[PDB]
Amino acid sequence: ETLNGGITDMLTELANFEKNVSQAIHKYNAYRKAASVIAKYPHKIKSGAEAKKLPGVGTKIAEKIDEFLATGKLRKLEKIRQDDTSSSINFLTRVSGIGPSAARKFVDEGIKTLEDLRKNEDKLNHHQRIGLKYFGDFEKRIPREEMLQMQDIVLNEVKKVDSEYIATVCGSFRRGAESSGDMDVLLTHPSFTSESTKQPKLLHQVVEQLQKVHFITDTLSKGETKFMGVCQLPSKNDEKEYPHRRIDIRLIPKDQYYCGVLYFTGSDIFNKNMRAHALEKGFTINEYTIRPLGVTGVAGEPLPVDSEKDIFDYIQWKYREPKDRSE
DNA sequence: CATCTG
DNA sequence: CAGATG
Ligand code: NA
Ligand code: NA
Ligand SMILES: [Zn+2]
C-alpha cells in the first residue's frame, strides 16, 4: 500500500502506455497483474530477483524493477514521458468520445491538439463534437450544492410525467460525496420488468420532458433503455451560467431496481464486501439480483426484493445508510 | 453492457 | 456486421 508503491506505479505507467500508444494488450496486461501482485506483497521489494520470485514476475519486469530500485527513475519511462506522439494520445483521449483508437488515427493525421480538433471538426462525430465543445465543463467536478438543484428538477419532472415513475440518483452523490463528476439516474416503472416485453416510451417520455424544460441540452446516445446526455441548470439571473454536465438515465425493470440501486451506489469496496458476505450467508449478488446458493456447487432462482432493506436482510446484515456504504 | 458508426 | 466508447 506504500511499501511497494513506486514499483506499482511505474508498472502502471508502463502497462498504460502499452495499451494506449502501442497496441500491446498482452504487455499491457502483463504490467497489470504484476502491479497487482506486487501490490499485495507484504514485504519491501529490495531487488528485482526478489520480485521475480513472484508470479507474473518475469525477467523483463524484474529488470525494470532493478533499474528503478537502483536509480530514482526508469529510462524507458523517461523516454515515453517526453515523446510527443505518446503525450498526444493521452491528451486527445481526454475528449469525451475519443478513445485510444481514435486518438491514434488523428495523431497520425497530425491532429494533436484542441485547436487541431476544432480545425478539423469535420472529422469528428457527434459525441466527439460535443465532447470537444464542452471539454472544459466536462472536466469540472460537480458540487453537491448543484447536485441537489439538479436532482431537484429531475425528480419533479419525472413526477409530472407519471406518478408511478421511480427515480434514484445513485453514485457517490448518493453515498454522501461533496462533489461528483456526473449525474447518474436509475429509473424504473411498475409497468416494466424482467418478463414485461419492453416499453421504450417509458424511457423516451422523460427524456423529452427534461429537454422540454431545457434541462437536457444534448444527446450523446439514446437507446431504449439507456440514455447518455448533457444537462444544465438554468442560468439564473444572467451573469452566472452553469457548466454543462454529463448525465445518464437508465430504465430498469421494476423487479431489479434495488440490486441496481445498491450496486450503482458503491463503493466498489463496499460491494465486494457485501458481495463476499452474501456468499457466506449462502447467496449471490450482482447488478440485477440476489439468488440462494445451491450446494451442488452453484445454483439460481431470484430472491424477491422490494427495497435495499430486503437485500441486507437476505444476507442477514446491518442495514447501511448510504453514507456508511464506503467500505 | 448498450449504443453508434461506417 | 466488427470494433469503438463510456
Ligand atoms: Na475520451
Ligand atoms: Na478479430
Ligand atoms: Zn520483510
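Residues numbered from 1 in each chain as written, not as in the entry; some residues may be left out. Chains lettered and ligands numbered in written order. Heavy atoms only, no water.

Visitor: Sorry, what's going on with the protein's contact with DNA strand C here?
Guide: Near DNA strand C the following residues occur: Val95, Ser96, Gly97, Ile98, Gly99, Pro100, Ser101, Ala102, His127, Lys226 and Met228. Backbone atoms, meaning sugar and phosphate, form 94% of the atoms of DNA strand C found within 4 Å of the protein. A distance of 2.8 Å separates a phosphate oxygen of DNA strand C from a polar backbone atom of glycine 99. Between DNA strand C and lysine 226 there is a distance of 3.3 Å, counted from a base nitrogen to a side-chain nitrogen or oxygen. When contributions to the surface near DNA strand C are tallied by element, the ones reaching two or more residues are α7 (100-107) and β6 (226-231). The element that contributes the greatest number of residues to the surface near DNA strand C is α7, accounting for three residues. (Near = heavy atom within 4 Å. Polar contact = N/O pair within 3.5 Å; in protein donor to acceptor, adjacent residues only side chain to side chain. Helix = DSSP H or I, 4+ residues; strand = E, 2+ residues; numbered from the N terminus.)

Visitor: Can you help me understand the domain arrangement of chain A in this one?
Guide: Accessible area lost on assembly of the parts is the figure often given for the size of an interface. Per the domain assignment, the segments of chain A are domain 1 (1-83), domain 2 (84-140), domain 3 (141-263) and domain 4 (264-326). Distance between the C-alpha centres of domain 3 and domain 4: 25 Å. Opposite the 13 residues of domain 3 that make contact, domain 4 presents 22 residues. Of the roughly 1,700 Å² buried at the junction of domain 3 and domain 4 (both faces included), carbon and sulfur atoms supply 58%. For the domain 3 face of the interface with domain 4, the top three residues by lost area are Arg175, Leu262 and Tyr263, together amounting to 48%. (Domains from an automatic or database assignment. Contact = heavy atoms within 4.5 Å. Buried area = accessible area lost by both parts, 1.4 Å probe.)

Visitor: How should the protein's contact with DNA strand B be read in this particular structure?
Guide: Around DNA strand B sit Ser221, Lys222, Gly223, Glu224, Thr225, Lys226 and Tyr288, and that is every residue in its neighbourhood. One nitrogen or oxygen atom from the main chain of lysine 222 is found 2.9 Å from a phosphate oxygen belonging to DNA strand B. Here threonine 225 contributes a backbone N or O atom positioned 2.7 Å from a phosphate oxygen of DNA strand B. Classifying every residue of the surface near DNA strand B gives one nonpolar, three polar and three charged. (Nonpolar A, V, L, I, M, F, W, Y, C, P; charged D, E, K, R; others polar.)

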